[PDB]
Each structure stands twice: as structure tokens, then as C-alpha cells.
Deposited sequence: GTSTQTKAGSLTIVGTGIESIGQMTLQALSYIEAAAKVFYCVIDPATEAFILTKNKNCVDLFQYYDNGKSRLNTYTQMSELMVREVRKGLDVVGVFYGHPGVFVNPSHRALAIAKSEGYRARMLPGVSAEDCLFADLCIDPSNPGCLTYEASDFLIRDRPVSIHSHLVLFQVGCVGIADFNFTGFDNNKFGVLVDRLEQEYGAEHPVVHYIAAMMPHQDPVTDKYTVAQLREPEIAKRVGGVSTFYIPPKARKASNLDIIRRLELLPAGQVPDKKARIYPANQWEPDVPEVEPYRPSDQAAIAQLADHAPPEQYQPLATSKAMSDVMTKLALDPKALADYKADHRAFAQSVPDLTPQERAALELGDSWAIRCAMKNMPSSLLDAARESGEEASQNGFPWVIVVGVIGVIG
């Protein structure tokens, strides 16, 4: 192994709260931290968690090519891992969703034979689903960088979700601290008008970045986007959501090969029918709650404090994880108050072992996770 490592983590979109527990812990454990966040509470929070932090935001500048900024961000990180330190990069939202420097820095680090990992985080698209009450599954989701969408004239699906990032800097390769002059926005408004028509809805989406703020979820027509006062509101943290125009009919060849509207309807879709919550199926399913008992093959949790504790520290304590990863058996034996089954399950590391150790597994089942929460 070569000394030094790079881990890139996210903070989520909304200030502090949308940081994951493993992001925070890796930040605490890092030798050097490099961060690029928008809001200052998040920044100040980060600075309390590690002493050796560097704000990457200072490598932006007026008129300066973002590509140069990204090279610089990524070089600054890889330099400290060549020195043998464990360095953590931090980017708002999800650190790999519309982010050049993370992918760049990890790819460089792995080519030189350093351990490199990205930990996922809550993206602005994630926030979009939550705030606009839509699900990517229904009826599919297409996601593009607004400029890339235009330059490679990427195809659109009228019967699916369309999400467009960086609508506030169409064609702009550089930066400005007072914001962009998004003067080529009308080119995008032309493209959407072509594909969706002038009265198709467009949702201007900006997720709250502070806990007390409401998101922006404003609905305009495509034509409205050309109005100067409306386009003015589109900025650097603007995302567009373009709902489907219609529902696509089901294929009859396929339904037969497989031998075969869910509430609620997508409210942003223009001509949605009202969908009923309590149809007969729903009525019947609900009546069954009265006498409902857990199926035979259901596995109730049956664990101990010692076991839940050790499984928590493995997830929250990167040091504990490193010891366990180095030797399952030695680690297992040294953790106190474990039953022989708990201690055995840690020794294997097996998902099955750990489920059997932590759950009251029924005989039927004994002789593999299955939790599907969407149906089409």
C-alpha cells in the first residue's frame, strides 16, 4: 500500500442538516480538509470539525475559466495525498453530481496508486424530487446539463421527467462573483419551445439552502421564460423541471410476454386526471389491517445493545472500521459483551450471518435482502 488517501464527501444542499453521518465523521478524521460549499453556516460548521481546512472557493475569479479553477482545486487535494496524508475533499450537495474537480482528483489519485473513494450525498435533483413531490420511476427521468443539452442537441423524451441543471449559465465557461449575464438563455427557451411548445409548463426550482427558507417552486410557461423579468430570476442555483406532456400507451406485445394510474398524479403535468386514493383495492387492503399479524417468514429484530453499538461504531468511526477491516476475527474477539453468535457474525462479516445474529429468523426462512417499495 502507498501512504496517503483521498475521500470526497458531500454536505447536501440544505445547510448542515443534509450532511450524512459518514461525511461528518470522515471530515472529523481527516488530516487535511478542502471544501467548496455555498452557505457560511455549513462552512463554519465544517471549520469546527477539523482544524486544517482550506476553502477551495477562493480559486474562482471574475473572467476566470472554471476549468482552471477545477484543475487547481483538484491539484491542491492530490498534492497533500502525494505527501502521504489522508485528505478529505468536501463539495456541497452530492460531490460527484455536476462536479469536475472531485472526479478529476480521485482519478489522478488512483492512477498514482493511492486509495481514493467518493461518498455520495444529497443532490439538488434529490431535493427536487422531494420538494416537487415526484418520483423518477414514474414516468422515468432524463437529466442534462443545460449547455450540453443544447451543444450535443441531446434527445428529449416528452413522456418522461426532464431535469436541467445550470440553466443560469448557458454557454458561460467562466465565473463572476456578482453572477452571470445569462444572455444566451433565449437559446434554451427556443429549444424547449421546439420540443414542448410555447404553453408547456416549466418549473423554476431552487431548493431552500437554509433550514427556515421555503424552496422556490414557481411554474412558468416556456413563452414566459423570454419575458426579461422572468428570466432575470433564473440564477446560479437554478434548476428547471419539465414535466411530461402526456402518458405513453402500454405496449401489447410486451404485456403478453410478461403475462400481465397509481395515486397520486404528478401535479405539475398539465392535463392530469384526478386520481382516487381509496379505490376498492385500497379499501380491501386497509380492512385487512384489523386482523393483521406478521407473516411467518417475517423476521423481528432480536439484537443486543452490545451488537447495535458495535455495528453503529463501524458506520460512524472510520478507525473502528479500519481495525475491523484489517482482521474480522481479532476485532470481533476484542469487542466486549458479544454473544457467541454476534461475535461469530462479526467474524464472518457476511450479510446473512449478521441478519441471523440480529434478527429472530423463522425456521421456514432458514434453509438475501428483498425490499421493493415501488410498483408499476
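Enquirer: Could you name the stretches of the deposited sequence that have no C-alpha atoms in this structure?
Expert: In sequence order, the gaps with no modelled C-alpha are 1-5, 266-276, 384-396, 406-410.
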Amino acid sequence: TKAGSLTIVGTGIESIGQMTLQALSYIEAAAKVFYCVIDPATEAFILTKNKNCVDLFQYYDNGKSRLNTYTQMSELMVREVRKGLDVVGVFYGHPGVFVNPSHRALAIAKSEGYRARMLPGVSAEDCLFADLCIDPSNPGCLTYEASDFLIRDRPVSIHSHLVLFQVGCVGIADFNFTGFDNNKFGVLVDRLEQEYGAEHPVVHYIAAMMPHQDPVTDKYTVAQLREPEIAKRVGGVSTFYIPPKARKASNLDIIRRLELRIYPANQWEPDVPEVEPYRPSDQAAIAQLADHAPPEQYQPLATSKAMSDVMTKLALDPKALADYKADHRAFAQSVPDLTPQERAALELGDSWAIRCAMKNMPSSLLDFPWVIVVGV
From here on, numbers count along this sequence of modelled residues.
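Enquirer: For the higher mean C-alpha B factor in the entry, choose 118-126 or 200-208.
Expert: Taking the mean B-factor of the alpha carbons in each, 200-208 is higher.
Enquirer: Determine, for stretches 78-86 and 188-196, which one has the higher mean CA B-factor as deposited.
Expert: The deposited B-factors put 188-196 ahead on the C-alpha mean.
Enquirer: Can you tell me which of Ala30, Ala326, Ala315, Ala44 has the maximum CA B-factor listed in the PDB entry?
Expert: The record points to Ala326.
Enquirer: Choose from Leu301, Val97, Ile158, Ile286 the residue with the greatest Cα B-factor as stated in the PDB record.
Expert: Spelled out: the listed residue with the top C-alpha B-factor is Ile158.
Enquirer: What third of its chain, lowest, middle or highest, does the C-alpha temperature factor of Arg343 fall into?
Expert: For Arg343, the deposited C-alpha B-factor lands in the highest third.
Enquirer: Taking the C-alpha B-factors as the PDB entry records them, is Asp135 in the lowest, middle or highest third of its chain?
Expert: Lowest third of the chain for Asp135's C-alpha B-factor.
Enquirer: Which third, lowest, middle or highest, does the C-alpha temperature factor of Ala3 belong to within its own chain?
Expert: It belongs to the highest third of the chain when residues are ordered by C-alpha B-factor.
Enquirer: Test of reading the entry: by CA B factor among the chain's modelled residues, which third contains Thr178?
Expert: For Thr178, the deposited C-alpha B-factor lands in the middle third.
Enquirer: Would you check the entry's CA temperature factor for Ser111 and let me know if it's in the chain's lowest, middle or highest third?
Expert: It falls in the top third of the chain.
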